[PDB]
Structure formats: C-alpha cells, structure tokens
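We give structure tokens for two forms of one protein chain below, kept apart as structure 1 and structure 2.
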Structure 1
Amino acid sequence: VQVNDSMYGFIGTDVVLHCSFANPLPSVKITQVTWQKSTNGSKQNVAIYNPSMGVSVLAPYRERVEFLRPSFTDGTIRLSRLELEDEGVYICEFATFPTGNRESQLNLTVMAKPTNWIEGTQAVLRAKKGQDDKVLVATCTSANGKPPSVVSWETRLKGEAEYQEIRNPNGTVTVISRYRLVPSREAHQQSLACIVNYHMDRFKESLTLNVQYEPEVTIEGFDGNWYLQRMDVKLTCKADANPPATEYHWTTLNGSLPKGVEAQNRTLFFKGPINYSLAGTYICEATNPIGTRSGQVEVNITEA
C-alpha cells in the first residue's frame, strides 16, 4: 500500500530485483549500495556493494543472491531458488556523498502451485426410500496453493457443495470441497467432475458414482402372437438392481403358477401347446441385498 512496485515469482524460481541510480552527476560520489529486507519492523541486511571494497552477501543469502552488474549506478540483484520465507519488502539504498541517501522499495510475493485431487467416498451408497439424508459422495482438494485456488464442480447431479479453506503454517492455503447429495436411482453411474482453477491453469478429474438400490423389474418375452397350440415360448425377468438380484420367484395375479408352467432361474418357460387358459398376468419378484420388488406382464392369447 506504501510501495508502488511489486514482484511475484514461484517457489523454486529466480527473480531479478532492479535498482538503478537515475541521474548521476560528477558531483555525487556513490559511496555504497545496500539491499535490505524487512518483515515488517525488521530490517535486516541482504547484500552490499562498495565500489572500493567489493561485494558482500550476508547469510541466509550467501548462495542465492548476486549483483548482476555492479556499478556506480546499478545495484540490480538476482535472488535464486525462491522460498516462501523470501516474501517481504526489499529496500535498495544508494549511499552517496555529499548528497545523502536515495532508496527504492519493492514487494516480493512468492507463489505456489497447488496439488489437486478428487477422491470419492469410502462408504457404500444406498438409495433407500426412508433416508432423505444428504450424504458425502466426493471430496475435491487443492492443497498447499498460494494464492488459494478456486474449486468448483461440474455434474448433472443435484447436490450441495461445501467449501473449506485452511491457512497452513507456511502461508499456503488448502481448499477442500465436499459434494453431498441424496443417493437415488438416477444418480447411479452419473459422472461427477471436480474443477480447480489456479492462475488460469485448469485441473479436472472425474468420478463415477456407484449407488445401490432395490430391484426394478420388467418382463420380456411376450410378442404379439402367443396363438393357440403354439409351443416352447418363455418369459425372462429383467431385474435392474444394484447389487444384482439373487433370487427370483414367479407367480400370477390369479394365484400360484399353474400346471404346464415351471420356473427355473428367472426365466419362466411355457412347455407344451398354448391354450386360452394361460392368458393372464404373470409376475416376477426379484430380490437383492437391498430388497424385494416385483414386475408383471399382461399376457393375452391370440388365434393366429
């Protein structure tokens, strides 16, 4: 807010801090050029150039700071292998005689690319008719970023995202987003993508939900013409269920399974000539670990 000059560089990288003495006169003799850092209400010395005694660099900076082209007018330095603790205000001061000192300051901000990942829930997801609880389904994390990234979601699911930002000791910020929804049949196998944006980079990872649900039964095998005397036709029970259906049981809307119709393993075979007596509604009851549910087909018997 007091400084008009700001530098930014990523952890690990080098930045060039500039300082020049604008308007040299024959009168002004430049006595010494001093870089200092302040975190604020410390000033501490960084590097010095004296035209007559040479260059000094103080620790911690002994291997990381060096003047580019030391001169009566130039005290530009390079700071290498940038570290988070390098953040601060850097002051460059030209000591001159008899004209006094001149200084210029700048801000150094150190940036860090975050580490991003999506991880799904470790629970099993059940669609139950009872619970209307919003359950955790995926977590997207952007850790150790600086400045903080922006997290968001891309999905067709109707759910709720919570956000949490944590300032770490080192000044980086971890962003966490939790996606919660109420598990339903329509949610199964739906894609859920986590998007993370940092200084215009774009991370994206996807999950596919796995939601358990009780069976949704349909019966296939009845075409238009189950005409009289026709033989060897059958119905198959299609149980849409997660996990898959374990047991099957056939029955009719007019009592138990008749003679001339026997059930094995989810297909109902009608052995022998067809007759009017077999017309009716046939039912299949499929069972999985979640529950039992049923489906039917109206079977009318033709004459062709």
Structure 2
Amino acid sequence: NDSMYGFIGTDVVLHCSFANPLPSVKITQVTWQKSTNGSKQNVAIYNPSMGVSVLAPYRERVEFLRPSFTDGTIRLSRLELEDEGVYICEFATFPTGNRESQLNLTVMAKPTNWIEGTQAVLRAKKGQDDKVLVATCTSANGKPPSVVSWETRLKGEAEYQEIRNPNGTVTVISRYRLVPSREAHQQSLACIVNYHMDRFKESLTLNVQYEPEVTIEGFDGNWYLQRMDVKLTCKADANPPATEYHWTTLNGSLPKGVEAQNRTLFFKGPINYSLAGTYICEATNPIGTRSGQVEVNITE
C-alpha cells in the first residue's frame, strides 16, 4: 500500500476514489478510519443521502475536497506527530459490498542543531595521553534521525548516541574526543548535520594550554674575543605565557661576567674563552616547566 509523508504543521491530501462505477452498483457511504494498529476509530464519513460527517477530534483539521459518489479524498491539515498511523478508506456499495484501500502516514520533523565546546580547560602535558571531550554536536528532536559527522584536521575519535524520544523523534548526539596537544591549539572543529538534502554546519576553535617549548636565540656563531654586549634570549612558546625564567649551565653556575634578568642572559663583554659552554633556560608556566639549551663556542 501507499505511504504518505509530511512535516509537522503541513497539510496532506489523502486520496480515495472509486474506480469503475457501474450503473448496477450504487455507492452507499464513504468512510475514513484510522487504525492505531489494532484500534479502528472513525475519522470522517460521507453519505450521499445525508451529507458529510467529520468526527472529533478531527472537526477542524479534516475535510472532503470534492465529496461525491466516486471521490472520498480528504485533506488532513496541520499535521501532528500523533497523526502517524494507517488510514483506511472504505466505499460501501450495494449490492456488491465493501471496497477498501489503505495508506500509511508518516510525520516528519526537522531537528534543532548546535555545537558546543567543553566548559573544561584543555591541557597538554607530556605523559598525558588521556583522550578527553572537546566538543559535542547535537541534532535534537528530528524525524527521521539526521546524520551527524565532523569536519576537521584534528586527529580524534567521535562517539555517537541516538536517543529515542517518547514522541517518536530521535535526538542524535556526537561527542568528539582527542588527547590535547600544542598543535591542536586554536585549531578548528566543525560539526556537520545532514537532514534530507539540507546541510547544517557550525564551527568552533580549540583553546589548549600547554607547557613551554623553549628555544634559545642570540648566539650568532661570531662571538669573537673582546666583542662587547651580546646576549641570549629564552623564547618560551607557552600557553599561558611563561611566568618565570631560570638560567644555568651544564657545568655549574654562571661565570663571572654573565648576568641573568628574566628571559635574558647578558654577556656585557669583553668576550673571552671562559665564556664558552652550554647555557640552559628553564621556563615555567601554570602547566609545567621545560628547559632549552644552546652551546656557545668562542671564536677568533
């Protein structure tokens, strides 16, 4: 049998006509019923002798379009989720008896879609390989369920959940998880939901806090004897930024003539051989502490 589909709030026309009417055969009455599937309840009746009858609760939403001996077609207005079910149309005739046809009514609903990030702060620490939630994509109260997916360059794993609501709509939820990293920071994650031929997209960017990646600038390989005023600068790539800096060497402390001031190691000069060595910067932010090195050799 036929299947009709319509969205909540719209109207459907349910066709029902009597094929080959004969001079012999006479149409007595045309009857629409709804089977909520054992239960038959009467919806609307058309009797040529007595006119039209639409029963509650359909009195304001149902109507015959062109009620006649041959046409029992009706419009069901302002669809409701509960309109779903099987509809039977019956022509009672004499002396030949009953002729019935059936159809299925499915009611459809467009979902409400939205992405959301975690309220938690994302942290990237070595030794932390824990995958965590970074975003949730929801398609709520749709029918049939929509398809949810993700667009991103991030390398994570998505989990999917489908909730069957009491009213027959389905909520689809996807949860995106990854182990937070320095490279993930500021990067984008989009959730995509496909319903029929519609396509919804919403994006967000990740905020990921990570310990310092430190490098040392300043040594140009031309630190010649007697040169004046050279310095090393500790570059701490850190989110949030480093709060604290500490300089040391591989063999002990700093030499006389080398002064530390936060991220800078000043070599006032004149440069001499006793300044060669390996200089280390230890940088600290709220996430952790990391070191960086530079090997200084004195030239000329």
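Shifts are known only where both forms have a C-alpha. Residue indices: 1-based, along structure 1. Heads up, when I say rigid core I mean the largest set of C-alphas that superpose within 1.5 Å between the two forms.
When both forms sit on the same rigid core, the CA shifts between structure 1 and structure 2 reach 2 angstroms or more only at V217 out of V217, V175, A95, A112. A rotation of 11° separates the smaller rigid part from the larger between structure 1 and structure 2 once C-alpha atoms are superposed. Fit the two forms on the rigid core and the C-alpha of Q229 turns out 8.6 Å off between structure 1 and structure 2. Core superposition places the C-alpha of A239 3.3 Å apart between structure 1 and structure 2. For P289, the CA shift between structure 1 and structure 2 after superposing the rigid core equals 1.8 Å.
Considering only residues present in both forms and aligning them on the rigid core, one finds runs of three or more residues with C-alpha shifts of 2 angstroms or more between structure 1 and structure 2 at 215-240, 244-288, 291-303.
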